[PDB]
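In what follows, chains are A, B, ... by sequence order, proteins preceding strands, each numbered from 1. Order of listing sets the numbers, starting from 1, for every ligand and every atom in it. When reading the values below, keep in mind they use all heavy atoms of this one structure, side chains included, and skip hydrogens, waters and symmetry mates.
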Amino acid sequence: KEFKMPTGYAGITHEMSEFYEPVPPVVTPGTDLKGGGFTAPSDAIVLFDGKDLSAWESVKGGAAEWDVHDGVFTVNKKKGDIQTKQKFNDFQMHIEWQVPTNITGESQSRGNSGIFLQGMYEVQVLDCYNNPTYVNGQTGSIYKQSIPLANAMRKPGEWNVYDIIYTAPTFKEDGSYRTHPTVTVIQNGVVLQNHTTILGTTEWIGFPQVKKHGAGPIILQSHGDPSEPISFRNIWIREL
Amino acid sequence: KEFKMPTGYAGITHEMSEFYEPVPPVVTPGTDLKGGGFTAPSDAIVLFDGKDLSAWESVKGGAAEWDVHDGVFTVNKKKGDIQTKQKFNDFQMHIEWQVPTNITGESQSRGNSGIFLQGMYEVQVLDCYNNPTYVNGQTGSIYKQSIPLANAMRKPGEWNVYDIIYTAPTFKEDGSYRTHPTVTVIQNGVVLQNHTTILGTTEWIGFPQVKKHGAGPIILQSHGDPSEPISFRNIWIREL
Amino acid sequence: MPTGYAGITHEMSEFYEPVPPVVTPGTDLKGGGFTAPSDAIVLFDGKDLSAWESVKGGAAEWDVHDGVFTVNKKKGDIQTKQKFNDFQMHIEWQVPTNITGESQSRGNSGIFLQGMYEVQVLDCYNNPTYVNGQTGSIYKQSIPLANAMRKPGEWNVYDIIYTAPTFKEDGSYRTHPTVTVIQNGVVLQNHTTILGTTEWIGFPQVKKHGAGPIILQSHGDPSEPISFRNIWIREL
Amino acid sequence: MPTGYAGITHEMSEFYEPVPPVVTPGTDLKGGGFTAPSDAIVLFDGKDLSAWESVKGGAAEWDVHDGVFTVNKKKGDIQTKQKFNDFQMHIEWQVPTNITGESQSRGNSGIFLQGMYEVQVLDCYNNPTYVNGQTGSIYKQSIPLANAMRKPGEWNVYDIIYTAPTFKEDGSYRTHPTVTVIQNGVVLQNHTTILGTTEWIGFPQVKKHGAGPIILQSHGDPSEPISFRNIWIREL
Ligand SMILES: [Mg+2]
Ligand SMILES: [Mg+2]
Ligand SMILES: [Mg+2]
Ligand SMILES: [Mg+2]
């Protein structure tokens with residue numbers, strides 16, 4: 001039978017390592033979307049949940065003129081990229097995307113879009129379901145920098161779920177990186193980028209570039225190839 | 001009108017940054033479980049999907065004697081902790097848990113369990129839905145080391161979803177840490193640990209301890225307080 | 001010329017900006033280490049403590065003599081007038097030949113990085129103490145990789161490379177500070193993560209701060225005071 | 001006796017193990033830096049190259065004289081017999097006073113960490129070149145934080161702290177290597193991540209390896225050969 005409270009090295013007690021502040025904020029999490037992932041938690045900014053693109057704007061200025069219908073929105077390649085009105089630093093993000101069942105094209109010209117983190121660093125979106133391409137630029141790559149850990153594609157018609165955790169960089173006075181950005185990317189529950197260091201801007205041509213910036217929007221890419229446009233749904237973001 | 005392929009610094013072409021190996025493995029992802037998260041992808045080890053605990057054993061040796069029923073398994077506190085037969089290093093993990101609707105108790109004595117990563121580092125499981133406790137030991141904490149970024153609890157009866165990404169430590173010859181373990185923890189889609197460094201063993205009493213180890217099992221905690229036992233479902237793990 | 005994958009040439013990976021600044025390095029001090037490079041702030045090179053102040057306000061009243069300065073325990077801690085974030089630092093210190101005392105009460109001083117995080121200074125030449133608080137420790141957090149002490153009378157050389165933390169809006173750490181410490185050419189802290197304030201009692205504390213001075217510790221035990229020389233700092 | 005949160009006492013955060021090993025540090029070399037501490041492997045201190053071998057197999061046939069050794073470009077690279085993982089390293093090098101050449105063809109050598117990752121050696125005293133390949137660069141990957149050259153005839157001092165990578169089963173990096181480089185007391189690489197092999201042509205390559213030697217480069221341009229002294233390494 002026990003007769004006294006146990007103590008540790010030099011008499012330390014369990015209470016001495018029990019703290020009551022800072023209190024983590026209470027968040028009511030979202031629910032599961034059929035064929036998708038989590039909907040927005042109570043402290044998240046809802047960027048899209050089926051109604052409109054009022055949280056977005058054209059990169060050319062003015063309203064975001066992608067097509068909203070049936071609880072999704074669809075890229076209009078004649079209108080170009082759209083971006084969040086709001087700018088971000090560290091964040092967690094959710095976004096779901098669908099390659100249409102009538103998709104055509106090969107390699108980089110088949111359902112190409114992308115999520116530009118702070119407007120600088122592309123997380124590639126592409127139909128890589130039975131579509132080979134260069135591996136450092138396939139789905140879930142940090143475009144042309146970091147090869148994804150897997151190909152976790154769902155087929156056209158189904159929804160590919162991204163969960164993204166992003167840490168923004170800091171810059172020195174002279175414009176060079178003080179700390180690089182880092183990103184974790186999970187696609188359909190599969191980790192594709194595991195705390196990957198971002199080397200600089202994602203570039204189609206040449207080495208990544210070091211360009212000082214502060215907070216930036218999320219930019220969704222209108223890739224001007226002729227492939228049928230992809231659709232998006234259930235986009236939310238919460239600042240970390 | 002275009003008349004030549006664009007080039008970058010010193011004539012670099014887009015092809016010179018396009019690589020076709022190493023090819024990421026093709027994984028068929030799982031589906032969404034109603035009220036939960038993702039089921040196991042094709043390359044994952046299924047630790048539980050409703051049938052039995054054949055992937056587990058008692059920490060005392062022999063069969064894992066927690067109670068399997070209705071597609072879940074329920075802690076039997078008289079039997080003690082259970083652990084995976086298999087040992088792991090770096091991994092991604094999924095696990096869902098339910099506080100029963102008739103739960104009773106306060107603070108650390110209310111639906112207390114936990115996931116010991118490699119058998120050494122507890123990710124706390126606890127009913128913190130309207131139940132205050134010490135914040136460095138509440139739900140999703142790295143127990144008594146790292147306070148979770150939020151309280152993202154679902155109420156009793158509903159399923160709390162964990163997605164965990166873990167990097168194992170390396171040890172020096174003298175037994176000290178060469179690299180510390182790191183962990184990301186997401187609960188119901190909300191990030192609770194963002195690439196958190198683990199300082200050593202999780203301890204109820206005293207400072208974290210530095211104890212050299214290699215690969216270790218996942219241990220699920222039977223916390224011997226009188227509260228009604230929690231239930232688990234949809235457990236899978238994939239090695240990174 | 002030879003070419004690589006898809007015809008890439010050696011010129012395509014040769015960049016001419018940004019140009020690293022030209023620094024004239026210092027020289028070697030006999031019995032010590034490097035003197036200040038041309039872009040460094042000279043905190044002490046034998047003349048005076050004009051770069052320092054008392055933590056109580058006013059002049060730094062430690063005793064300058066013979067090209068060194070010596071702790072005056074009756075006056076308390078001194079600190080740099082200037083505040084710093086990321087930096088590289090050099091500092092040399094001498095335990096006097098007539099030193100007395102044991103454990104933490106034998107030539108105890110310290111370098112508080114941004115005023116918050118102590119790199120321990122102590123005479124650990126044939127003087128055991130608690131290992132997480134011995135010379136070159138991040139005090140009571142990180143045990144040094146070695147004991148690289150020179151004996152009393154000789155000069156112990158610190159080279160320190162420090163990365164400042166960032167803080168979240170709620171006051172918690174966004175990124176922790178990191179520090180490398182080299183004593184007499186031997187690495188004692190290898191890119192060590194600092195957990196919070198260094199504390200004699202209790203767990204490290206998380207206290208939001210910006211730029212901070214370098215504070216040199218006057219530890220009020222009765223041991224004979226240590227002396228300092230060749231202190232410089234350059235911002236990173 | 002003062003106490004902290006929930007009555008915690010100062011003794012409860014005072015640990016007496018693990019005890020850091022006692023190391024007798026080296027001394028200061030005139031015009032250079034620290035000589036080898038007692039636990040360091042002495043790779044060169046003036047006598048011979050018995051710790052080295054030709055990369056082609058057999059004896060290292062660079063020329064030992066006057067307490068230094070000098071590159072013989074007809075013989076090619078030399079490397080340590082011993083292989084290393086994590087380490088701290090010291091190495092001093094001299095551009096001869098009669099040096100000639102421009103850009104990469106002027107006193108070019110280098111230290112290949114584990115045989116894979118070049119820390120550039122070059123005479124960049126009034127000699128411009130591409131900045132990502134100048135002195136103290138991680139060759140063509142990471143531009144050094146400064147140009148801290150001493151002139152020809154004088155000794156440039158490197159202190160290097162290196163963490164080896166780990167590799168996944170499929171041959172990709174699990175953890176990248178990191179390196180700190182200090183030249184003549186000035187930090188040139190501050191815990192820099194190495195991206196892969198250093199390459200004259202193309203992107204850095206990911207090639208699985210274990211422990212590797214230190215390789216010193218014989219760069220086959222016609223410039224007068226550089227000399228080395230005071231090389232030591234200690235495992236971390
Ligand atoms: Mg794209
Ligand atoms: Mg528990
Ligand atoms: Mg002290
Ligand atoms: Mg070279």
Notebook entry, point to check: Rounded to 10°, how big is the angle at the Mg ion (ligand 2) from B/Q124 OE1 to B/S113 O?
Noted result: 80°
Note to self: Under 2.8 Å from the Mg ion (ligand 4), can any N, O or S atom of D/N108 be found?
What the structure shows: yes
Item checked: Pair B/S231-B/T74, side-chain donor/acceptor within less than 3.5 Å -> yes
Next item on the list: Would you indicate whether D/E102, at its atom CD, is surrounded by more than 12 heavy atoms from other residues, nucleotides or ligands within a distance under 6.0 Å?
Entry: no
Next item on the list: Could you tell me whether the side chain of B/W97 and the main chain of B/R233 form a donor-acceptor pair under 3.5 Å?
Entry: no
Item checked: B/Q221 near the Mg ion (ligand 2): N/O/S under 2.8 Å -> yes
Check: Do you know which N/O/S atom name in B/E122 is closest to the Mg ion (ligand 2)?
Finding: OE2
Note to self: Between A/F19 and C/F203 (judged by ring centroids, cut-off 6.0 Å), do the two rings come close enough to count as a pair?
What the structure shows: yes
